[PDB]
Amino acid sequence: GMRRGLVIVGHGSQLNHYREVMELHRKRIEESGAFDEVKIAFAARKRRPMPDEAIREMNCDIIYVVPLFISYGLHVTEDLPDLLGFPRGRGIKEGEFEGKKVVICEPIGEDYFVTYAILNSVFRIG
């Protein structure tokens, strides 16, 4: 099979906790072993690592870029594809960056799991 990477793209600026949350999700997934490697990066602002950096340091065949976002706001339809020279707009976008294959996935917002995250904030199972 092919070498599979994953980059979690966020943005919440200079907040201790926001990074800590992004980390928590990278840790959890890294420990799950669902992917050969897991990295975090950041869109819109300039803060580090930008996504071009995170991709560069990964030695995977295919890399899935996941926007940790609720909506298709500019961050997701504009900035992020700009920072990789990917087409702007809504939807899955797959192409190539510096001779690696990249897939920009949809933001998490609309996922049933998000619906359940809400419910579980009340129910608090586990």
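The first residue of the shown sequence is 1; numbering continues from there.
Undergrad: Higher average CA B factor in the deposited record is what I'm after, so tell me if that's 41-49 or 22-30.
TA: Here the higher of the two C-alpha B-factor means belongs to 41-49.
Undergrad: Using only C-alpha atoms and the B-factors in the entry, which stretch averages higher, 10-18 or 114-122?
TA: That would be 10-18.
Undergrad: Would you please rank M58 by its C-alpha temperature factor against the other modelled residues of its chain and give the third it falls in: lowest, middle or highest?
TA: Middle third by C-alpha B-factor.
Undergrad: By the recorded C-alpha temperature factor, relative to the other modelled residues in its chain, which third is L74 in?
TA: Within its chain, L74 is a highest-third residue by C-alpha B-factor, going by the deposited values.
Undergrad: Of the three thirds of its chain by CA temperature factor, lowest, middle or highest, which one includes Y64?
TA: Its C-alpha B-factor belongs to the lowest third of this chain's values.
Undergrad: Would the CA B-factor of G91 place it in the lowest, middle or highest third of its chain?
TA: For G91, whose C-alpha B-factor we compare with every modelled residue in the chain, the answer is the middle third.
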